[PDB]
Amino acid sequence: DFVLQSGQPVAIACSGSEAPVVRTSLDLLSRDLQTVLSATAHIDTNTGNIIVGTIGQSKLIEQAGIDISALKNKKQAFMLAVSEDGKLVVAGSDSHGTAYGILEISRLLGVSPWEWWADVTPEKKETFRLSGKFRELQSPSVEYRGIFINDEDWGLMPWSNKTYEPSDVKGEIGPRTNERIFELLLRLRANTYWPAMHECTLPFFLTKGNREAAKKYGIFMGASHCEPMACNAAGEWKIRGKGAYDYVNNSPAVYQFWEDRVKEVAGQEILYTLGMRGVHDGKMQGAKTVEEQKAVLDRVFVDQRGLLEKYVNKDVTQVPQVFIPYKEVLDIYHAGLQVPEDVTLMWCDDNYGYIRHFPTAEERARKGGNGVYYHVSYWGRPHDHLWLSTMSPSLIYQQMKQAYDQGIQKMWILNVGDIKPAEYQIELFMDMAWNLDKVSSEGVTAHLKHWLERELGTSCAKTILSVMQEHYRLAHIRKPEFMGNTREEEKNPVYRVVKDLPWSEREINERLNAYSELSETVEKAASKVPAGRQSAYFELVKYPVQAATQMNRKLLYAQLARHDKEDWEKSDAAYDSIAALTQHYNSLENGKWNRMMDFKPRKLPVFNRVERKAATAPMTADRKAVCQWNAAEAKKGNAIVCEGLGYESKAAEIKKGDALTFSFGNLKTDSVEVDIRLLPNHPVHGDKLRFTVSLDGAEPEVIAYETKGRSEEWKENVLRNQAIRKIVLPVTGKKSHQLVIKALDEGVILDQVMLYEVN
């Protein structure tokens, strides 16, 4: 048996030959050993009660008689075991594996990843006791997993540059901030980072300390779909480049630009993004059509792999490489572009958490594997979601589970905005990527429960679990940031005017009240929160639920007010309340997170007090449906619920060739309007997504609902998180009818069905 008594020091055995990442994690554990146990860690090289090392690099691993074997030639893996003498042995298959083993002990001591990052103060313990029989083995489901700090102009950049690591250089997020991010990634078992790179920010590799900090923490520096060669064009090109960022006309200067960087960074953990786009987003320069944009890349790959040959590794298949066909580059891939088989292909979601492309059997068999770049934060059309992090766990789950199952297993990268306040989604994503089976065996719901129970208490989480659930479900219906019914990047000013959502007075009141109850629950449960966890509560529960409530209030009272059904002052008050909540955020823990929260990111009209004006049109009328179903109200047919997914948490997958069968009685009127609501996801194989509707055997009507590019329908789809198909059918006038919905393609997910009489 292994026993650590609190108040007492502890000796840790670790060879001095071990990679920086091992020593860094040791520091982190010692920090936690002190916090949790009041126990000062002493690093010897020979004698310890906790022994740590990598396979065939440490004499120490051999000399305590543990059967490591399962670890031999294996990726990022560790064994934890107690030797017969009662010592804790941490045996990693490689250096990262050793690091992750050490940090597992830190999880066992009850230290949250958000210890620092959401002030989840670890509890103190009297003793820590693991069995002589305790034996854990771990390894990652996904090989590269990481985050991208992006859209940082209104949170993480000013917070770093003025509050946490105050700097006089214009947009500096310096070494000390990055060490903090890398702790978070270590504790999340992530290994990869795409640094901030917006024009407002100092490029990572042009910041003194940053590169060396990444080496200390063992993080693969990668970069985005427009940052080819560890090279942030967005910020660096205007500093260090010459002439146009154009390979067709100015390739020598572009090549040089890349080269200098590959030179300074070649003996370092880097993931090299291949290819070429614009300075930030947009077309590449110098080519117009996809046929000319293909000729370019062919030229670009050959030279880019060239530099890698010359400064990194004579065999380039030993250099890790990614190609990311995001936005218009997906088209240029699909025009038959040849990408060398060792290069990881990185698929992209549509910025609203719907993956655009799943690997064909061919792409899947490629030696370089397949990755995904996913968004829980975004700036773009039809509207930014940058303030709160409200994407449903249920949607993240179902998309990312599908991604792994469809063979996207090499590389997962999350766009996380400012990190806060997406703490929960980030950890879900990172858990998925670390151990998919564990997350899959538990609910979506069991994951969130375990998380709230861990961060708040059991007693708080008893009241709060259903609140978070309701939070994510109402945000799925319409995010806080979408409540103005406005658009961004539309090139017409009318889409910037706040305007009615197409909902009835009844639906508005119903929504207003559901939010009221949420705010009330959150207020009451506040005093049942342990003393060391009040800041985490404001950060993780109280700010997002009450922020969201007050946004709905501001915009919904405003809508009632336009139609002379409410007083405008309630809208302003709701506005004032968001302000107050944001002041509190920015003043918690002295002002630890001062500037991290901006309730007007990018100064979008939706975040302002609402312009007072009287409606011209009337309110949407409430419309009586004859029938209203979820996928399981069906008689005949099998459809597995996607756990908490859809408008009423009951969306379900109808597998290809299966059907659901709905039944209903005697109607009036000539005809029936069938209103079918589906998850607006994208085709899993092929380009299709369709279903058939059949009233009373009557020869299936064939209905498609996939979208292409960023069309008007796709814009509608992602704002409301439903594809919508209406159909009018003739009744016979039978007295008993059946409606059969059959799936023709793979990933068809039904959410709602409504009926409506009509003539």
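From 1 onward, residues are counted along the sequence shown.
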**OP:** Output the stretch having the higher mean C-alpha B factor in the entry; the candidates are 731 to 739 and 746 to 754.
**Re:** 731 to 739
Original post:
Do the C-alpha atoms of 187 to 195 or of 165 to 173 have the higher average B factor in the entry?
Top reply: 165 to 173
Original post:
Looking at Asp151, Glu104, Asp315, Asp350, which has the highest Cα B-factor in the entry?
Top reply: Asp315
**OP:** Sort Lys401, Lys592, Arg277, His447 by C-alpha B-factor from the entry and give me just the highest.
**Re:** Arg277
Original post:
Among the modelled residues of its chain, does the C-alpha B-factor of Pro683 lie in the lowest, middle or highest third?
Top reply: middle
Original post:
Hey, what third does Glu539 fall into on Cα B-factor, ranked over its chain?
Top reply: lowest
Original post:
Within this chain, which third does the Cα B-factor at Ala295 fall in: lowest, middle or highest?
Top reply: highest
Original post:
Which third of the chain holds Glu701 when residues are ordered by C-alpha B factor: lowest, middle or highest?
Top reply: highest
**OP:** Please rank the C-alpha B-factors of the chain's modelled residues and tell me whether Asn250 sits in the lowest, middle or highest third.
**Re:** highest
